[PDB]
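Novice: I have a structure here, written as C-alpha cells, and I will follow up with some questions on it.
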Amino acid sequence: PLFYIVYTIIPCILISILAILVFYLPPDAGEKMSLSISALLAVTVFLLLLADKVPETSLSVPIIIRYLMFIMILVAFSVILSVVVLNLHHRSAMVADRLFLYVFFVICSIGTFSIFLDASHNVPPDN
Amino acid sequence: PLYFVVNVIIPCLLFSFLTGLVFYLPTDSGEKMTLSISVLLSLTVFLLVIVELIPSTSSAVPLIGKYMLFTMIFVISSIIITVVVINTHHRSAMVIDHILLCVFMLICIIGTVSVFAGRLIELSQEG
Amino acid sequence: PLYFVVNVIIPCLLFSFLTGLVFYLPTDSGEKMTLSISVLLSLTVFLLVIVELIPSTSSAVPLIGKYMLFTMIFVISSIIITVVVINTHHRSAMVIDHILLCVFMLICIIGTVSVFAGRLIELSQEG
Amino acid sequence: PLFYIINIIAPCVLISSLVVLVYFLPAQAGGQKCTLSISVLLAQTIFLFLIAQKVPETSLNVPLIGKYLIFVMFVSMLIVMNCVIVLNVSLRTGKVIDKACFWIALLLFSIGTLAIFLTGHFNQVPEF
Amino acid sequence: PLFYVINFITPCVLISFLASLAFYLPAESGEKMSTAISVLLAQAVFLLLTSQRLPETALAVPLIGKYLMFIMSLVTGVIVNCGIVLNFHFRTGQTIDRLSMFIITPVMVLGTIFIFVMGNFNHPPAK
C-alpha cells in the first residue's frame, strides 16, 4: 500500500541529508555551527509535525507499529544525534571526522537496521 | 492508555536538554545566544502546540484537573526560566553555573516534586 | 458576516508594515537584511497559510470569484515587490526612498485601486 | 468559567515577557540583539496569529459575544503595533530604547490595567 | 479544474525564484548564507505543508499516481538542489555562471521535459 511509505522514506532520506549535511555541513563549513542549529529547529519542527500527521492517520486504522516503532526510534536518534551534534557543536575537525564517521556509521546501520525492519516486516506480515 | 504519557515525557525530557543545553549551551558557548534566541522561538512553538494537542485530547477524553495543573506549572516554569534564562541569557564561568545550578536544582526539585506528585499519585493509583 | 473581512484587512495592514518596515527597515537599517530575509520567510508563511484558511472558507461558503482576484493580485504584488524588494534589498539613502517611494506609490494606488474596487463595489452594494 | 483564560492570560503574560524582554532586552540586548528581537517579532507574531485561528474556530463552535473579543484584538493589536514600533523604534534606532522599555511597560501596565479593569468590571456587573 | 493548478503553479513558480534566486542569490549575495539557510527552512516548511494538502486531497478526491510523480519529483529536485546549493553554498566562482547556466539549462530542460510529459499526454487525447 506503498503510497505513504515512499513519502516517509523520502522525508528521512532528505532529512539524513540535513543531518549528514548538518554534520557534513560542519566539515565543509565550520562557521555554520549556529546555522546548523537553525537546521535542528527546522529538522525538529518537521519531524514533530510528521508525528502529528501520523498521529491522526493511526487513528483511522490500528495495526503494527513496526515501522513506526521503527520510525519513532530513527526519528529519536536523528533527534538525539542532532541534539548531540548540537552538544558536540555546543560543547564546541577530528571529532567531526569522528562524529561524521560515527554519524554515517550509525545512520547507515540504524538506517540499515530500520530498512531491514522494513524489509523484514514486508516478508513476515506478507506471510 | 499510556501512549501519550510516553511522548509527553519525551517532549519534556528533550526540552529539558534545550534549556539544559540552552543553559549549558551558554556556559560552553555564549556566542550562540541569538542562535539561542532561535531555540527559544522553536522551543516555544513546540510547547505551545503541545498544549494544543493535549487540549483536544483532555476535552475529548475527560480526566481530573489536578494532574493538568502540574503540566501547566512545570511548562510555565521552563517558560519562566527561559524568560529569565533569556534575560539571564540577555544579561548573561560563575553566573551560568549559577544560573545552571539554580536551574538544575529548581528543575530537579520541581521535576522531583512533579514526579513525586505522579509518584504519590502513583502510590494511591497502585493501591 | 464581517468577521473575516476584519482579520484579513488586519493581516494586510500589519503585513504592509512588514514590507513598509521591510522597505522602511532597509533605509533606516540595512544591516538587518538577512534578519530581513527571516521576515520574508515569516511574512511568506503567514500569507501562504492565510490563503489556506480563506480557501476552505470560500469553498465552504460560495461567493463571487471577482472579489477573490483582488486578494490574489494584491497578495501577489506584495509578493512580487518582496521578490524585487528583496532583490531590491539584495541589490540594495536615494534608492530606498526610491524603492520605498515606488512601493508606497504603487501600494497606495493598488491599495487605492483595490479599495476603490471594494468601494465601487461598495457603492453598488449600498444601493 | 474559562480554563482557557488561565491559558490565554498565560500566553499574554509570557508574551509580555517577550516584548518586555524584547524591549527590556533592548536595553539589555547586545549589538546583534536588534536583529535577534526581529526574530522575536516574527515568533511573537506567528504565535498570536495562530491564537487568532484557534479563537476563531472556538467562537463559531461555541456561543458568540465580542466585548472581551475586542479586548483581545486591541491588546494583541497594540502589543502588535508596539512590536512594529519597537522594531521601527529599533529600526529608527540610548534614550528611546530606555523609555521604549518605559513606554512599553507604562503602556502595557496601563492597557493591561485597563484590560484587567474591563475584566473586573465585566466580572462585577454579571455577578451583581 | 485549473483552480488548484493556479495556486500550486504559483507556489512552484515563486519557489523557482527562491532557488533561482537562491542559485542566483549565491552569486549576488554570497555573504548571506545563513540568510539563504533561513530560506531553505522556510522554502522547506512551505513545500512539506503543500505535500500534506495534496495528500489529503488525493484521498478525498480520485487518485491516479501519474501526475503525482511529476509534482513529487520536481519538489524533490528543488529540494535536492536546495540541499546541493547548500553544499554549493558552503563550497562557494568560475563555475557560478555555469552552475547558473547549468541550473537554468537543467531546470528549463526538465520543465520542458515535464511540460512535454503533460503535453505528450494532451496530444494523444486530442488526436
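Chain labels follow the order of the C-alpha cells: the first chain is A, the next B, and so on; residue numbering restarts at 1 in every chain, and ligands are counted from 1 in their shown order.
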I'd like the contact shell of segment 24-28 of chain D - 6 Å cut-off, only C-alpha atoms, skipping same-chain residues fewer than 3 positions apart - returned as a list in words.
Specialist: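 So, after excluding close chain neighbours, the residues are residues 20, 21 and 101 of chain D.
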Novice: Keeping N, CA, C and O atoms for every residue in the selection just given, could you write it to a file as a PDB file, in the first residue's frame?
Specialist:
ATOM      1  N   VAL D  20       8.461  42.705  26.626  1.00  0.00           N
ATOM      2  CA  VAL D  20       9.142  43.341  27.746  1.00  0.00           C
ATOM      3  C   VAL D  20      10.595  42.918  27.630  1.00  0.00           C
ATOM      4  O   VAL D  20      11.509  43.745  27.696  1.00  0.00           O
ATOM      5  N   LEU D  21      10.732  41.605  27.451  1.00  0.00           N
ATOM      6  CA  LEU D  21      12.054  41.020  27.210  1.00  0.00           C
ATOM      7  C   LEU D  21      12.756  41.680  26.020  1.00  0.00           C
ATOM      8  O   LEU D  21      13.847  42.214  26.129  1.00  0.00           O
ATOM      9  N   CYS D 101      11.220  51.009  26.733  1.00  0.00           N
ATOM     10  CA  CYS D 101      11.072  49.977  27.755  1.00  0.00           C
ATOM     11  C   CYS D 101      10.103  50.516  28.811  1.00  0.00           C
ATOM     12  O   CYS D 101       9.293  49.802  29.362  1.00  0.00           O
TER      13      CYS D 101
END
Novice: Listing only residues of chain B within 9 Å of chain D, what is the closest atom pair and its distance in Å (to one decimal) for each, using only C-alpha atoms, sorted by chain and residue number ascending, as a tab-separated table?
Specialist:
residue	atom	partner	partner_atom	distance
B:34	CA	D:36	CA	5.7
B:35	CA	D:36	CA	8.5
B:37	CA	D:36	CA	6.8
B:38	CA	D:39	CA	7.3
B:41	CA	D:43	CA	5.8
B:42	CA	D:43	CA	8.4
B:44	CA	D:43	CA	8.8
B:45	CA	D:47	CA	7.3
B:48	CA	D:47	CA	8.3
B:72	CA	D:7	CA	8.5
B:76	CA	D:10	CA	8.2
B:79	CA	D:14	CA	7.6
B:80	CA	D:14	CA	7.4
B:83	CA	D:17	CA	6.6
B:84	CA	D:21	CA	8.9
B:86	CA	D:21	CA	8.2
B:87	CA	D:21	CA	6.8
B:90	CA	D:29	CA	5.8
B:91	CA	D:28	CA	6.1
Novice: Take the residues from that selection and put them in a file with C-alpha atoms, as a compact mmCIF listing (two decimals), in the first residue's frame.
Specialist:
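Generated output (part_26.txt):
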# COMPACT_ATOMS: atom_id res chain seq x y z
CA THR B 34 20.83 34.72 19.36
CA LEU B 35 21.20 31.34 17.75
CA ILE B 37 17.13 33.08 20.64
CA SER B 38 16.11 30.89 17.71
CA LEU B 41 11.16 30.52 19.43
CA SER B 42 11.46 26.98 18.31
CA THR B 44 8.28 27.84 22.38
CA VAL B 45 6.26 26.92 19.32
CA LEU B 48 2.54 25.89 22.55
CA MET B 72 0.98 23.92 33.24
CA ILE B 76 5.24 27.67 32.75
CA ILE B 79 8.82 29.04 30.26
CA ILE B 80 9.61 31.44 33.09
CA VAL B 83 12.34 34.25 30.06
CA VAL B 84 14.72 34.78 32.96
CA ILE B 86 16.90 34.58 28.45
CA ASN B 87 17.03 37.74 30.43
CA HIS B 90 20.33 38.57 27.64
CA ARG B 91 22.09 39.80 30.74
Novice: May I ask you to extract the residues of chain B within 7 Å of chain A, using only C-alpha atoms, and to give them as a compact mmCIF listing (two decimals) with C-alpha atoms, in the first residue's frame?
Specialist:
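What landed in iface07.txt:
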# COMPACT_ATOMS: atom_id res chain seq x y z
CA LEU B 25 24.88 25.95 25.76
CA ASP B 28 30.08 26.23 26.97
CA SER B 29 29.34 28.69 24.10
CA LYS B 32 25.26 31.36 20.08
CA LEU B 35 21.20 31.34 17.75
CA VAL B 39 15.83 27.93 20.09
CA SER B 42 11.46 26.98 18.31
Novice: Env of residue 53 of chain C: 12 Å cut, atoms = only C-alpha atoms, seq-sep filter 4 positions within chain, self excluded. Answer as a list in words.
Specialist: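 The residues satisfying every condition are residues 4, 7, 8, 46, 47, 48, 49, 57, 58, 59 and 60 of chain C; 49, 50, 52, 53, 54, 56 and 57 of chain D.
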Novice: Using the selection just defined, write its residues with C-alpha atoms as a PDB file, in the first residue's frame.
Specialist:
ATOM      1  CA  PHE C   4     -13.259  37.680   8.314  1.00  0.00           C
ATOM      2  CA  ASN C   7      -8.945  39.953  10.396  1.00  0.00           C
ATOM      3  CA  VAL C   8      -7.940  39.832   6.705  1.00  0.00           C
ATOM      4  CA  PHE C  46       1.897  33.758   7.245  1.00  0.00           C
ATOM      5  CA  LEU C  47       0.398  34.779   3.878  1.00  0.00           C
ATOM      6  CA  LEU C  48       0.566  31.254   2.401  1.00  0.00           C
ATOM      7  CA  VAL C  49      -1.465  29.912   5.343  1.00  0.00           C
ATOM      8  CA  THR C  57     -13.901  29.281   3.814  1.00  0.00           C
ATOM      9  CA  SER C  58     -14.614  30.365   0.238  1.00  0.00           C
ATOM     10  CA  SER C  59     -15.175  26.793  -0.970  1.00  0.00           C
ATOM     11  CA  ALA C  60     -17.283  26.178   2.158  1.00  0.00           C
TER      12      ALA C  60
ATOM     13  CA  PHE D  49      -1.773  34.777  14.508  1.00  0.00           C
ATOM     14  CA  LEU D  50      -2.334  31.114  15.309  1.00  0.00           C
ATOM     15  CA  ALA D  52      -6.463  34.072  16.421  1.00  0.00           C
ATOM     16  CA  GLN D  53      -7.101  30.966  14.310  1.00  0.00           C
ATOM     17  CA  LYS D  54      -7.966  28.781  17.315  1.00  0.00           C
ATOM     18  CA  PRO D  56     -11.933  31.998  15.722  1.00  0.00           C
ATOM     19  CA  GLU D  57     -12.909  28.419  15.375  1.00  0.00           C
TER      20      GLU D  57
END
Novice: Show me, as a list in words, the residues of chain E whose atoms get within 10 Å of chain A, using only C-alpha atoms for the distance check.
Specialist: residues 33, 34, 35, 37, 38, 40, 41, 42, 44, 45, 48, 49, 51, 52, 55, 65, 72, 76, 79, 80, 83, 84, 86, 87, 89, 90 and 91 of chain E
Novice: Could the residues in this selection be saved with C-alpha atoms as an mmCIF file, in the first residue's frame?
Specialist:
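The result, written out as again31.cif:
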data_model
loop_
_atom_site.group_PDB
_atom_site.id
_atom_site.type_symbol
_atom_site.label_atom_id
_atom_site.label_comp_id
_atom_site.auth_asym_id
_atom_site.auth_seq_id
_atom_site.Cartn_x
_atom_site.Cartn_y
_atom_site.Cartn_z
ATOM 1 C CA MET E 33 24.439 32.172 3.586
ATOM 2 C CA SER E 34 22.673 31.973 6.972
ATOM 3 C CA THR E 35 20.019 34.070 5.413
ATOM 4 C CA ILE E 37 19.760 28.911 5.091
ATOM 5 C CA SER E 38 16.742 30.563 6.584
ATOM 6 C CA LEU E 40 15.886 26.637 2.936
ATOM 7 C CA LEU E 41 13.963 26.117 6.192
ATOM 8 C CA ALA E 42 11.237 28.388 5.061
ATOM 9 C CA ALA E 44 11.164 23.569 3.064
ATOM 10 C CA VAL E 45 8.327 24.043 5.519
ATOM 11 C CA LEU E 48 6.222 19.991 3.186
ATOM 12 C CA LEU E 49 2.857 21.502 4.106
ATOM 13 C CA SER E 51 2.510 17.820 0.247
ATOM 14 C CA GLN E 52 0.063 17.484 3.167
ATOM 15 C CA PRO E 55 -2.171 14.127 0.214
ATOM 16 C CA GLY E 65 -0.405 8.449 -9.486
ATOM 17 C CA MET E 72 6.758 14.788 -6.260
ATOM 18 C CA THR E 76 12.372 16.551 -4.589
ATOM 19 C CA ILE E 79 14.618 20.010 -2.631
ATOM 20 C CA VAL E 80 17.810 18.212 -3.675
ATOM 21 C CA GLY E 83 20.426 20.829 -0.367
ATOM 22 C CA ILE E 84 23.042 20.928 -3.098
ATOM 23 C CA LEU E 86 23.828 24.435 0.473
ATOM 24 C CA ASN E 87 26.605 22.065 -0.492
ATOM 25 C CA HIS E 89 26.606 27.474 -0.975
ATOM 26 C CA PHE E 90 29.072 26.157 1.593
ATOM 27 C CA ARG E 91 31.674 25.479 -1.074
#
Novice: Considering only alpha helix (DSSP H) as DSSP defines it on the backbone, what residues of chain A qualify? List them as a ChimeraX atom specification.
Specialist: /A:3-28,33-60,68-90,94-122
